[PDB]
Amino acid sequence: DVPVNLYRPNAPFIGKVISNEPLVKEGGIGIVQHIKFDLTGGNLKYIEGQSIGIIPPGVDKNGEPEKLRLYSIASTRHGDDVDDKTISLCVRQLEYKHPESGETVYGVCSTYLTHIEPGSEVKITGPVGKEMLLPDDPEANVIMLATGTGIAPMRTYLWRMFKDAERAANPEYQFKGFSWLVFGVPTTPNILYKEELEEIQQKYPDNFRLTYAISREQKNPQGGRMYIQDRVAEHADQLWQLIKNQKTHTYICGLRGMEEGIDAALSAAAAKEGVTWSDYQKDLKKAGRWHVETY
């Protein structure tokens, strides 16, 4: 049932950019773009929580053709316009140090994508991934722990759950469980999809909780910048109590480095009831209820 590898890098789907729109507001750190691609003319189908590959143009420093980079699909299966014709990505421009004055390095594929024009043709592969799939059970609980562009799979879940047009398009999935997004970004301008996440919470105050960790605007109890692991620690007992439910699924997505703190917080919660979290978590992973995609 799950679509996988309908296109492969030896013969990718050539899609066209429909739109490329900024998600970081003025005063935010960095560049994150919402990029929508036209899928008409091919048969690329996908579901929520999957990824696609993008093959950037050009050669690397060794004169070899650039390989695909993976990006989490940011739209539901129907695409943003609920027409089954498009796919969207949430792409941050990678840029970093190499310790010289002004000398910034820009990532190949992410710079290509964040600056791409509508009408441009792009090499797309996939979809891939079966580790971040959403349960069909409408009564499932869904905990979402995201930093930065790790919001992307979370958006596909929340849009399927809560967008009016999605609910109209998916008679079989009328979500009535509880979902909780804890979302970590450096600033309020950097809150990707802020308006829509908050509109969802206002519509569905009993089915959706939104928690932010904004590092440059908030401090944890120890005086440090507020990160997602601090919010998990702050709510560790509630999160553990939700996780004990047989129908609760947890999803963790974003750049690597978040998991150690999340585990330490949940380990302290579970230990209060004589449970060793690492063991409970192993069984949760085996059961398909602990989902991680960090990069």
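Start at 1 and count along the sequence shown; that's the residue number.
In this entry, 98-106 shows the higher mean Cα temperature factor of the pair 173-181 and 98-106. Averaged over their C-alpha atoms, the temperature factors of 268-276 and 5-13 are higher for 268-276. The maximum CA B-factor among the listed residues 189, 150, 126, 224, taken from the PDB record, is found at 224.
Going by the entry's values, 199 shows the largest Cα B-factor out of 166, 217, 80, 199. For residue 256, the recorded CA temperature factor ranks within the highest third of the chain's modelled residues. When all modelled residues of the chain are sorted by CA temperature factor, residue 239 is found within the lowest third. Split the chain's modelled residues into thirds by C-alpha temperature factor. Residue 28 is in the middle one. Placement of the Cα temperature factor of residue 246 within the chain: middle third of the modelled residues, per the deposited record. Among the modelled residues of its chain, residue 130 has a C-alpha B-factor that falls in the highest third according to the deposited record.
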